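Colleague: What follows is the file work_9.txt, containing compact mmCIF, N, CA, C and O atoms:
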# COMPACT_ATOMS: atom_id res chain seq x y z
N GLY T 1 62.63 103.27 74.74
CA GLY T 1 63.63 104.30 74.54
C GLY T 1 65.00 103.91 74.00
O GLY T 1 65.17 102.81 73.48
N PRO T 2 65.97 104.84 74.00
CA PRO T 2 67.19 104.71 73.24
C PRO T 2 68.37 104.09 73.97
O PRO T 2 69.42 103.95 73.35
N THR T 3 68.25 103.70 75.24
CA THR T 3 69.26 103.01 76.02
C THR T 3 69.63 101.65 75.43
O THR T 3 68.97 101.22 74.49
N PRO T 4 70.61 100.89 75.91
CA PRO T 4 70.87 99.55 75.42
C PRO T 4 70.22 98.46 76.25
O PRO T 4 70.50 97.28 76.03
N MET T 5 69.46 98.83 77.28
CA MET T 5 68.86 97.95 78.26
C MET T 5 67.56 97.37 77.73
O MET T 5 66.58 98.10 77.67
N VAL T 6 67.52 96.09 77.34
CA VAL T 6 66.29 95.56 76.79
C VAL T 6 65.15 95.36 77.78
O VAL T 6 65.21 94.64 78.77
N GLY T 7 64.07 96.08 77.47
CA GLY T 7 62.91 96.22 78.34
C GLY T 7 62.10 97.44 77.92
O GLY T 7 62.33 98.02 76.87
N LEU T 8 61.09 97.75 78.73
CA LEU T 8 60.02 98.68 78.40
C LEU T 8 60.49 100.11 78.17
O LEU T 8 61.38 100.60 78.85
N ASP T 9 59.83 100.82 77.25
CA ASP T 9 60.10 102.19 76.84
C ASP T 9 58.86 103.05 77.04
O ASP T 9 57.79 102.83 76.49
N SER T 10 59.01 104.11 77.84
CA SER T 10 58.00 105.12 78.06
C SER T 10 57.52 105.86 76.82
O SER T 10 56.43 106.42 76.74
N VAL T 11 58.31 105.81 75.74
CA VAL T 11 58.01 106.35 74.43
C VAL T 11 57.82 105.27 73.38
O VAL T 11 56.70 104.99 72.97
N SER T 12 58.91 104.61 72.98
CA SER T 12 58.90 103.63 71.91
C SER T 12 60.30 103.06 71.73
O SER T 12 61.28 103.73 72.06
N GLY T 13 60.41 101.83 71.22
CA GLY T 13 61.67 101.12 71.05
C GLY T 13 61.76 99.86 71.89
O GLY T 13 61.03 99.62 72.85
N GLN T 14 62.76 99.01 71.64
CA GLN T 14 62.89 97.71 72.27
C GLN T 14 63.63 97.75 73.60
O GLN T 14 63.68 96.71 74.26
N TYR T 15 64.22 98.89 73.98
CA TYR T 15 65.05 99.10 75.15
C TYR T 15 64.39 100.19 75.98
O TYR T 15 63.37 100.75 75.58
N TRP T 16 64.92 100.40 77.19
CA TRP T 16 64.54 101.42 78.14
C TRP T 16 64.78 102.83 77.62
O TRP T 16 65.65 103.08 76.79
N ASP T 17 64.01 103.78 78.15
CA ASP T 17 64.23 105.21 78.07
C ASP T 17 65.20 105.76 79.10
O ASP T 17 65.49 105.19 80.16
N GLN T 18 65.63 107.00 78.85
CA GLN T 18 66.56 107.80 79.62
C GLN T 18 66.11 109.24 79.77
O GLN T 18 66.93 110.16 79.68
N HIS T 19 64.81 109.41 80.01
CA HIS T 19 64.23 110.69 80.35
C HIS T 19 64.48 111.15 81.78
O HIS T 19 65.28 110.53 82.47
N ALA T 20 63.92 112.30 82.18
CA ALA T 20 64.36 113.00 83.37
C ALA T 20 63.28 113.20 84.42
O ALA T 20 62.80 114.32 84.55
N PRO T 21 62.85 112.23 85.23
CA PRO T 21 61.76 112.39 86.16
C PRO T 21 62.24 113.07 87.43
O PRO T 21 62.37 112.51 88.52
N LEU T 22 62.50 114.38 87.33
CA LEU T 22 62.86 115.28 88.41
C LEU T 22 61.87 115.37 89.56
O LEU T 22 60.70 115.00 89.46
N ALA T 23 62.28 115.97 90.68
CA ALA T 23 61.45 116.44 91.77
C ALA T 23 62.02 117.64 92.52
O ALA T 23 63.23 117.83 92.59
N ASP T 24 61.12 118.44 93.08
CA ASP T 24 61.46 119.60 93.87
C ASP T 24 60.64 119.85 95.13
O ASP T 24 61.15 120.40 96.13
Once you've parsed the file, please lay out its structure as structure tokens.

Modeller:
Amino acid sequence: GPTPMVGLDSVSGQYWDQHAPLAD
């Protein structure tokens, strides 16, 4: 994902994602 944190992406890219894993 699009963060600056180098590591795994739930979508794609060389850095982490910043998606929204909510709960209710």

Colleague: As an exercise, work out the distance from CA of residue 3 in chain T to atom O of residue 15 in chain T in Å and give it to one decimal place.

Modeller: 6.3 Å

Colleague: Report, in Å with one decimal, the straight-line distance from CA of residue 23 in chain T to CA of residue 7 in chain T.

Modeller: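 Atom-to-atom, CA of residue 23 in chain T and CA of residue 7 in chain T are spaced 24.3 Å apart.
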
Colleague: Go ahead and find all residues with at least one atom no further than 12 Å from (61.0, 113.1, 81.0) in the file's coordinates, using only C-alpha atoms; report them as a ChimeraX atom specification.

Modeller: /T:1,9-11,17-23

Colleague: So how far away is atom O of residue 24 in chain T from atom N of residue 2 in chain T, in Å?

Modeller: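 Going from atom N of residue 2 in chain T over to atom O of residue 24 in chain T, I get 27.5 Å.
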
Colleague: Return as JSON the centre and edge lengths, in Å with one decimal, of the box along x, y and z that encloses every atom of range 10-22 of chain T in the file, padded by 6 Å per side.

Modeller:
{"center_x": 61.7, "center_y": 106.0, "center_z": 80.3, "size_x": 22.5, "size_y": 30.7, "size_z": 30.5}
